[PDB]
Amino acid sequence: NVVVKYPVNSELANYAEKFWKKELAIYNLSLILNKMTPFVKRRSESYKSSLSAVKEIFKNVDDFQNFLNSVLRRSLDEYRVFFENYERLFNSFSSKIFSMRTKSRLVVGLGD
RNA sequence: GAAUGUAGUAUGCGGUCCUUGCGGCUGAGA
């Protein structure tokens, strides 16, 4: 088995533990990713806080992706109204709007 | 040696312009 420890303060430690086990719903992806980092420990006597390490605490990679997308999908309404406002911002200035699909995979901000 | 008063350092002024979080790495070994 594995042991998961959270470097966050008390109370919030238990709440984040409940959040990661899908016991309680999470609506903000940035918050759970950043301020609720799980330190998954493998058979080694260390707590690796890497994305590969935190992948282990799930059933598999597909469960990880589904959980992340479900967390993202909860905020769909607020993001929709925000996108409507942003599009209204575009229409104010005489701007040109075009839409393109990701032909291949895309990753921005890999180096932060 | 004798015999002040009256008075806003104020009026106008965008910490802005130019800068890809990029570079490199076999989900493989039997």
# chains A, B, ... in the order shown; residues from 1 in each chain; ligands from 1

$ closest_atom_pairs --of "chain A" --to "chain B" --cutoff "9 Å" --atoms "only C-alpha atoms (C1' of nucleotides)" --output "Markdown table"
| residue | atom | partner | partner_atom | distance |
| --- | --- | --- | --- | --- |
| A:108 | CA | B:21 | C1' | 8.1 |
| A:109 | CA | B:21 | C1' | 5.4 |
| A:110 | CA | B:21 | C1' | 6.6 |
| A:111 | CA | B:21 | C1' | 4.6 |
| A:112 | CA | B:21 | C1' | 5.7 |

$ select_by_dssp --residues "stretch 1-94 of chain A" --states "alpha helix (DSSP H)" --output "VMD selection string"
chain A and resid 12 to 20 29 to 34 51 to 56 61 to 74 76 to 92

$ select_by_dssp --residues "chain A" --states "strand (DSSP E or B)" --output "PyMOL selection string"
chain A and resi 3-5+39-41+47-48

$ residues_around --residues "stretch 44-46 of chain A" --least-positions-apart "5" --cutoff "12 Å" --atoms "only C-alpha atoms (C1' of nucleotides)" --output "list in words"
residues 1, 2, 3, 4, 5, 39 and 53 of chain A

$ atom_distance --atom1 "atom CA of residue A:8" --atom2 "atom CA of residue A:49"
13.0 Å

$ atom_distance --atom1 "atom CA of residue A:105" --atom2 "atom CA of residue A:51"
18.4 Å

$ residues_around --residues "stretch 10-22 of chain A" --least-positions-apart "3" --cutoff "12 Å" --atoms "only C-alpha atoms (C1' of nucleotides)" --output "number ranges by chain"
A: 3-7, 25-29, 31-40, 54-55, 57-59, 63-64, 66-68, 70-71

$ closest_residue --among "A:56, A:62, A:93, A:23" --to "residue A:41" --atoms "only C-alpha atoms"
A:56

$ atom_distance --atom1 "atom CA of residue A:79" --atom2 "atom CA of residue A:103"
23.7 Å
